[PDB]
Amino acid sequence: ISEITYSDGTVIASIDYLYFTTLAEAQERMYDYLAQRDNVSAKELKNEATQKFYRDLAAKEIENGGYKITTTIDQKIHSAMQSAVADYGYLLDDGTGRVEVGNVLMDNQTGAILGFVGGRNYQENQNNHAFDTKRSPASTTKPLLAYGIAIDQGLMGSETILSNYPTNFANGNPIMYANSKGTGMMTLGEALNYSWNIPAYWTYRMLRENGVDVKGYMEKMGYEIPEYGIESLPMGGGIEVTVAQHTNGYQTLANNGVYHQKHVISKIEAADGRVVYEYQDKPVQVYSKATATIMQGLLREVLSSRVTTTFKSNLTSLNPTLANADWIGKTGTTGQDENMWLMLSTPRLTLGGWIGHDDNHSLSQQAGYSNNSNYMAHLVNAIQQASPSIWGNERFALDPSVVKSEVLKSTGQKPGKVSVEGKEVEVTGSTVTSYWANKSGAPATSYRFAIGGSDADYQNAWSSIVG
């Protein structure tokens, strides 16, 4: 008889979400093993009838064989996550109908998936929202595709200034954020805390202009994005991801820039000990350690500021000692409020969370800010109660390679003379330390100091800076 086991070898089942998810993945690994065993070439494998035969064969091989499939699942943790969604999932319901949910808890150092939530209740809806369903990651794209890459390329530092002035998509329509057409210049911190859209748009346009291999970064984390030539890319337009895959991007940032491929199956053995399949770690330095650790600091204040999520308040009340762990994270919201995300990490773990409706109709305006935050606070509490040391008490910290520059708070660049139609002008004023991931740190203030901005924009900004 074949068995699926938890990571400690305790049997899950002989051959709900846990069962079908782990069995499905194991059948895929058995497929690969059986095709290679029978000497089926890649070309023969392209044949649809051969594929169907080998997929059925892999299913039956497990049913009838005596294979031992070792999963990465932690029994206590995954059980506590099921209880949490059963008891607390109703907190998601926001008057837009029954709200669905997916979560994945991942070991930052290995990519192992310790536990997950596939949905509100398998018996009523079997769609697996942790592993199968793909939805836009919305503004949780921004740290990975826009800001993180710009920092890694030395095009941006932690206190760099960006334009949030009103600007239009190429087609003439305003770039919106809730009901605002934008404001003025702002720091990266403020752009991220609030999740403004315009600054991310200009950052991705700056990457394009510098011919940065953005696809290179993303594919190193296993993202598949069919088209990079999309204005709204850094806000999640043109991207659709599973919670498991997206959790892996945030694993990369939390793990000081080093990607480990997500997995739920670690090994499959025949009864006699032959290894059919074994996971093989292939670590990749996707962002420099400087860049990742700079981003950690920014995503810490995303949660602390409480601007787009109540999570820290919710978790402080439920478990104040766990709230004092070093949480960092980012929210995501789609344009019609169709998908909400909250991605959380401590140095040890990352927990991804999505909520939404299976038919894509809109959630309430505050579903991500309050409901999903409160739910994920209960879920994080449940995980900790079931495994008290799992989140860990380590702090994220700036890598020694980070370059620290003194820059004007107004310009996010080093003080000095600047040309402002006429008066070549001594740029003075209060300063701040800005973190960079290049060799030389911040440049001298230049007239076009911000990421993005129109001529009129700069005239207004500099006007303001003068007095």
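Counting begins at 1, following the sequence as shown. Between two forms, the rigid core is the largest collection of C-alphas that superpose within 1.5 Å.
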| item | value |
| --- | --- |
| Greater Cα displacement in 5 other deposited structures of this protein once the core is superposed, comparing 319-327 with 271-279 | 271-279 |
| Where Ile15 meets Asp16 in the shown sequence, the number of deposited residues left unmodelled | 10 or more |
| Mean Cα B-factor comparison, 214-222 or 103-111, giving the higher one as deposited | 214-222 |
| 298-306 or 122-130, whichever carries the higher mean Cα B-factor | 122-130 |
| Options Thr346, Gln245, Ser180, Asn314 - largest CA temperature factor per the record | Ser180 |
| Criterion, highest CA B-factor; candidates, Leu408, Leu398, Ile69, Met30 | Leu408 |
| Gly184 - which third its CA temperature factor falls in, relative to the rest of the chain | highest |
| Where the record places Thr334 (Cα B-factor, split into thirds across the chain) | highest |
| Third of the chain, ranked by Cα B-factor, where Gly157 sits | highest |
| Third assignment of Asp326 from its chain's C-alpha B-factors | lowest |
| Position of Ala170 among the chain's modelled residues by C-alpha B-factor, lowest, middle or highest third | highest |
